[PDB]
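So this block is structure_21.csv, CSV, N, CA and C atoms:
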chain,number,residue,atom,x,y,z
Z,58,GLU,N,33.4,224.8,223.6
Z,58,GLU,CA,32.5,224.5,224.8
Z,58,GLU,C,31.4,225.6,224.9
Z,59,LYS,N,31.8,226.8,224.7
Z,59,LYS,CA,30.7,227.9,224.8
Z,59,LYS,C,29.7,227.6,223.8
Z,60,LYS,N,30.1,227.3,222.5
Z,60,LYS,CA,29.1,227.1,221.5
Z,60,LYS,C,28.2,225.9,221.8
Z,61,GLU,N,28.8,224.8,222.3
Z,61,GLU,CA,28.0,223.7,222.6
Z,61,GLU,C,27.0,224.0,223.7
Z,62,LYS,N,27.5,224.8,224.7
Z,62,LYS,CA,26.6,225.1,225.8
Z,62,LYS,C,25.4,225.9,225.3
Z,63,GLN,N,25.6,226.8,224.3
Z,63,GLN,CA,24.5,227.6,223.8
Z,63,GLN,C,23.5,226.7,223.1
Z,64,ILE,N,24.0,225.7,222.4
Z,64,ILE,CA,23.0,224.8,221.7
Z,64,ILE,C,22.3,223.9,222.7
Z,65,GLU,N,22.9,223.5,223.8
Z,65,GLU,CA,22.2,222.8,224.8
Z,65,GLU,C,21.2,223.6,225.6
Z,66,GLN,N,21.4,224.9,225.5
Z,66,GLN,CA,20.4,225.8,226.1
Z,66,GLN,C,19.2,226.0,225.2
Z,67,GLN,N,19.5,226.2,223.9
Z,67,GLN,CA,18.4,226.4,222.9
Z,67,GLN,C,17.5,225.1,222.8
Z,68,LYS,N,18.0,223.9,223.1
Z,68,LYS,CA,17.2,222.8,223.1
Z,68,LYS,C,16.2,222.8,224.2
Z,69,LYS,N,16.6,223.3,225.4
Z,69,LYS,CA,15.7,223.5,226.5
Z,69,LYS,C,14.6,224.4,226.2
Z,70,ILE,N,15.0,225.6,225.6
Z,70,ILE,CA,14.0,226.6,225.3
Z,70,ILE,C,13.0,226.1,224.3
Z,71,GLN,N,13.4,225.3,223.3
Z,71,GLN,CA,12.5,224.8,222.3
Z,71,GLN,C,11.6,223.7,222.9
Z,72,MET,N,12.1,222.9,223.8
Z,72,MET,CA,11.2,221.9,224.5
Z,72,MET,C,10.1,222.6,225.3
Z,73,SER,N,10.5,223.7,226.0
Z,73,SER,CA,9.5,224.5,226.8
Z,73,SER,C,8.5,225.1,225.9
Z,74,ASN,N,8.9,225.6,224.7
Z,74,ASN,CA,7.9,226.2,223.8
Z,74,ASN,C,6.9,225.1,223.2
Z,75,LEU,N,7.4,223.9,223.0
Z,75,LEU,CA,6.5,222.9,222.5
Z,75,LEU,C,5.5,222.5,223.5
Z,76,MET,N,5.9,222.3,224.8
Z,76,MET,CA,5.0,222.0,225.8
Z,76,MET,C,4.0,223.1,226.0
Z,77,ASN,N,4.4,224.4,225.9
Z,77,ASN,CA,3.5,225.5,226.1
Z,77,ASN,C,2.4,225.5,225.0
Z,78,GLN,N,2.8,225.3,223.7
Z,78,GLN,CA,1.8,225.2,222.6
Z,78,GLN,C,0.8,224.1,222.8
Z,79,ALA,N,1.3,222.9,223.3
Z,79,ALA,CA,0.4,221.8,223.6
Z,79,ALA,C,-0.7,222.3,224.7
Z,80,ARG,N,-0.2,222.9,225.7
Z,80,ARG,CA,-1.1,223.4,226.8
Z,80,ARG,C,-2.2,224.3,226.2
Z,81,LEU,N,-1.7,225.3,225.4
Z,81,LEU,CA,-2.7,226.3,224.8
Z,81,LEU,C,-3.7,225.6,223.9
Z,82,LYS,N,-3.2,224.6,223.1
Z,82,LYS,CA,-4.2,223.9,222.3
Z,82,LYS,C,-5.2,223.2,223.1
Z,83,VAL,N,-4.9,222.5,224.2
Z,83,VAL,CA,-5.8,221.8,224.9
Z,83,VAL,C,-6.8,222.7,225.7
Z,84,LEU,N,-6.3,224.0,226.0
Z,84,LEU,CA,-7.3,224.9,226.6
Z,84,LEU,C,-8.2,225.5,225.5
Z,85,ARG,N,-7.7,225.7,224.3
Z,85,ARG,CA,-8.6,226.2,223.2
Z,85,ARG,C,-9.7,225.3,222.8
Z,86,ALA,N,-9.4,224.0,222.9
Z,86,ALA,CA,-10.4,223.0,222.6
Z,86,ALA,C,-11.6,223.1,223.6
Z,87,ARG,N,-11.3,223.2,224.9
Z,87,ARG,CA,-12.3,223.3,225.9
Z,87,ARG,C,-13.1,224.6,225.7
Z,88,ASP,N,-12.4,225.7,225.3
Z,88,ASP,CA,-13.1,227.0,225.1
Z,88,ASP,C,-14.1,226.8,223.9
Z,89,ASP,N,-13.7,226.2,222.9
Z,89,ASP,CA,-14.6,226.0,221.7
Z,89,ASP,C,-15.8,225.1,222.1
Z,90,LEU,N,-15.6,224.2,223.0
Z,90,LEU,CA,-16.7,223.4,223.5
Z,90,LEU,C,-17.7,224.2,224.3
Z,91,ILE,N,-17.2,225.1,225.1
Z,91,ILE,CA,-18.1,226.0,225.9
Z,91,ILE,C,-18.9,226.9,224.9
Z,92,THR,N,-18.2,227.4,223.9
Z,92,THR,CA,-18.9,228.2,222.9
Z,92,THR,C,-20.0,227.5,222.2
Z,93,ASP,N,-19.8,226.2,221.8
Z,93,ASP,CA,-20.8,225.4,221.2
Z,93,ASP,C,-22.0,225.2,222.2
Z,94,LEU,N,-21.7,225.0,223.5
Z,94,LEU,CA,-22.8,224.9,224.5
Z,94,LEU,C,-23.6,226.2,224.4
Z,95,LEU,N,-23.0,227.4,224.5
Z,95,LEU,CA,-23.8,228.6,224.5
Z,95,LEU,C,-24.6,228.8,223.2
Z,96,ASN,N,-24.1,228.3,222.1
Z,96,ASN,CA,-24.8,228.4,220.9
Z,96,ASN,C,-26.1,227.5,220.9
Z,97,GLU,N,-25.9,226.3,221.4
Z,97,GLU,CA,-27.1,225.5,221.5
Z,97,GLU,C,-28.1,226.1,222.5
Z,98,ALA,N,-27.6,226.8,223.5
Z,98,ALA,CA,-28.6,227.5,224.4
Z,98,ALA,C,-29.3,228.6,223.7
Z,99,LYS,N,-28.6,229.4,222.9
Z,99,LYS,CA,-29.3,230.4,222.1
Z,99,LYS,C,-30.4,229.8,221.2
Z,100,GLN,N,-30.1,228.7,220.5
Z,100,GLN,CA,-31.0,228.1,219.6
Z,100,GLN,C,-32.2,227.6,220.3
Z,101,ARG,N,-32.1,227.0,221.5
Z,101,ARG,CA,-33.2,226.5,222.3
Z,101,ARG,C,-34.0,227.7,222.8
Z,102,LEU,N,-33.4,228.8,223.1
Z,102,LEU,CA,-34.1,230.0,223.5
Z,102,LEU,C,-35.0,230.5,222.4
Z,103,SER,N,-34.5,230.5,221.1
Z,103,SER,CA,-35.3,230.9,220.0
Z,103,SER,C,-36.5,230.0,219.8
Z,104,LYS,N,-36.2,228.6,220.0
Z,104,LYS,CA,-37.3,227.7,219.8
Z,104,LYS,C,-38.4,228.0,220.9
Z,105,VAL,N,-38.0,228.4,222.1
Z,105,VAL,CA,-39.0,228.8,223.1
Z,105,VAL,C,-39.7,230.0,222.7
Z,106,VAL,N,-39.0,231.0,222.1
Z,106,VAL,CA,-39.7,232.2,221.5
Z,106,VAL,C,-40.8,231.8,220.5
Z,107,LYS,N,-40.5,230.8,219.7
Z,107,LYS,CA,-41.5,230.4,218.7
Z,107,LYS,C,-42.9,230.2,219.3
Z,108,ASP,N,-42.9,229.5,220.4
Z,108,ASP,CA,-44.2,229.3,221.1
Z,108,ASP,C,-44.6,230.6,221.8
Z,109,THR,N,-45.8,231.1,221.4
Z,109,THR,CA,-46.3,232.4,221.9
Z,109,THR,C,-46.9,232.3,223.3
Z,110,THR,N,-47.4,231.1,223.7
Z,110,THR,CA,-48.0,231.0,225.0
Z,110,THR,C,-47.0,231.1,226.1
Z,111,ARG,N,-45.8,230.5,225.9
Z,111,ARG,CA,-44.7,230.7,226.9
Z,111,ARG,C,-44.0,232.1,226.6
Z,112,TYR,N,-44.0,232.6,225.4
Z,112,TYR,CA,-43.4,233.9,225.2
Z,112,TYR,C,-44.1,235.0,225.9
Z,113,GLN,N,-45.5,234.9,226.1
Z,113,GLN,CA,-46.2,235.9,226.8
Z,113,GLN,C,-45.8,235.9,228.3
A,28,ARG,N,71.6,225.2,215.7
A,28,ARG,CA,70.2,225.0,215.2
A,28,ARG,C,69.2,225.7,215.9
A,29,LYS,N,69.5,226.9,216.4
A,29,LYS,CA,68.6,227.8,217.1
A,29,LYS,C,67.5,228.3,216.2
A,30,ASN,N,67.9,229.0,215.2
A,30,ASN,CA,66.9,229.7,214.3
A,30,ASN,C,66.1,228.6,213.5
A,31,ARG,N,66.8,227.6,213.0
A,31,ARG,CA,66.1,226.5,212.3
A,31,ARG,C,65.0,226.0,213.1
A,32,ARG,N,65.3,225.6,214.4
A,32,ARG,CA,64.3,225.0,215.2
A,32,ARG,C,63.2,226.0,215.5
A,33,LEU,N,63.5,227.2,215.9
A,33,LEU,CA,62.5,228.1,216.3
A,33,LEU,C,61.5,228.4,215.2
A,34,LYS,N,62.0,229.0,214.1
A,34,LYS,CA,61.0,229.3,213.0
A,34,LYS,C,60.9,228.1,212.0
A,35,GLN,N,61.1,226.9,212.4
A,35,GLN,CA,60.4,225.8,211.7
A,35,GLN,C,59.3,225.2,212.7
A,36,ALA,N,59.6,225.1,214.0
A,36,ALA,CA,58.6,224.7,214.9
A,36,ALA,C,57.4,225.7,215.0
A,37,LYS,N,57.6,226.9,214.6
A,37,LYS,CA,56.5,227.9,214.6
A,37,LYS,C,55.4,227.4,213.6
A,38,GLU,N,55.8,227.2,212.3
A,38,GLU,CA,54.8,226.7,211.4
A,38,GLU,C,54.5,225.2,211.6
A,39,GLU,N,55.3,224.4,212.3
A,39,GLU,CA,54.9,223.1,212.8
A,39,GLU,C,53.7,223.2,213.7
A,40,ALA,N,53.8,224.2,214.6
A,40,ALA,CA,52.6,224.4,215.5
A,40,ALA,C,51.5,225.0,214.8
A,41,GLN,N,51.7,225.8,213.8
A,41,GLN,CA,50.7,226.3,212.9
A,41,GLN,C,49.8,225.1,212.4
A,42,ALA,N,50.5,224.2,211.8
A,42,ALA,CA,49.8,223.0,211.2
A,42,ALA,C,49.1,222.2,212.4
A,43,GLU,N,49.8,222.0,213.5
A,43,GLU,CA,49.2,221.3,214.6
A,43,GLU,C,47.9,222.0,215.1
A,44,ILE,N,48.0,223.3,215.2
A,44,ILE,CA,46.8,224.0,215.7
A,44,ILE,C,45.6,223.9,214.8
A,45,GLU,N,45.9,224.2,213.5
A,45,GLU,CA,44.8,224.0,212.5
A,45,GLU,C,44.2,222.6,212.5
A,46,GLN,N,45.1,221.6,212.6
A,46,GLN,CA,44.7,220.2,212.7
A,46,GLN,C,43.7,220.0,213.8
A,47,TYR,N,44.1,220.4,215.1
A,47,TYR,CA,43.2,220.2,216.2
A,47,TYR,C,42.0,221.0,216.2
A,48,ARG,N,42.1,222.2,215.6
A,48,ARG,CA,40.9,223.1,215.6
A,48,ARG,C,39.8,222.4,214.7
A,49,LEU,N,40.2,221.9,213.5
A,49,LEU,CA,39.1,221.3,212.7
A,49,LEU,C,38.6,220.0,213.3
A,50,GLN,N,39.6,219.2,213.9
A,50,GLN,CA,39.1,217.9,214.5
A,50,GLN,C,38.3,218.1,215.7
A,51,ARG,N,38.3,219.3,216.3
A,51,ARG,CA,37.4,219.7,217.4
A,51,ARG,C,36.1,220.3,216.9
A,52,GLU,N,36.1,221.0,215.8
A,52,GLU,CA,34.9,221.7,215.3
A,52,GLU,C,34.1,220.8,214.4
A,53,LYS,N,34.4,219.6,214.1
A,53,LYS,CA,33.5,218.8,213.3
A,53,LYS,C,32.5,218.0,214.1
A,54,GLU,N,32.8,217.3,215.1
A,54,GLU,CA,31.8,216.6,215.9
A,54,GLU,C,30.8,217.6,216.5
A,55,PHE,N,31.1,218.8,216.6
A,55,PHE,CA,30.2,219.9,216.9
A,55,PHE,C,29.0,219.9,215.9
A,56,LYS,N,29.4,220.0,214.6
A,56,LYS,CA,28.4,219.9,213.6
A,56,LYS,C,27.6,218.6,213.6
A,57,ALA,N,28.3,217.5,213.9
A,57,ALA,CA,27.6,216.2,214.0
A,57,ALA,C,26.5,216.2,215.0
A,58,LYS,N,26.7,216.6,216.3
A,58,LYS,CA,25.7,216.6,217.2
A,58,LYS,C,24.7,217.7,217.0
A,59,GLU,N,25.1,218.8,216.4
A,59,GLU,CA,24.2,219.9,216.0
A,59,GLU,C,23.2,219.4,215.0
Please express the file's structure as structure tokens.
Amino acid sequence: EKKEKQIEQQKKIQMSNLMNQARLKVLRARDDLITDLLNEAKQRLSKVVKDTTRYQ
Amino acid sequence: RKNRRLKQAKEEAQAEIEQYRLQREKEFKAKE
């Protein structure tokens, strides 16, 4: 009974770990999207620099 | 039949105990 209880506890722990990894994946996706946004902003800033009338 | 019964039932219960121990420890592996 003790051994069976230990395995029924390890299944809880593994399920919690799976849900946590899912959460972190979905947060990292959003973070990468924000980074893509900032990169597009940098590129548009460079394009603005290309024009010297607005650069002055 | 004092001694006969006592130290024959001793190994009788030896066999019984090992029997039930294995029959309890196998479905463990099954669900595991």
Task: Residue hits in chain Z, query chain A, radius 10 Å, only C-alpha atoms, as a ChimeraX atom specification - done: /Z:58,60-61,64-65
Task: atom CA of residue 54 of chain A to atom CA of residue 62 of chain Z, distance in Å rounded to a single decimal - done: 14.0 Å
- [ ] Please indicate the distance in Å from atom N of residue 83 of chain Z to atom CA of residue 100 of chain Z, rounded to one decimal place.
- [x]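 For atom N of residue 83 of chain Z relative to atom CA of residue 100 of chain Z, the distance reads 27.1 Å.
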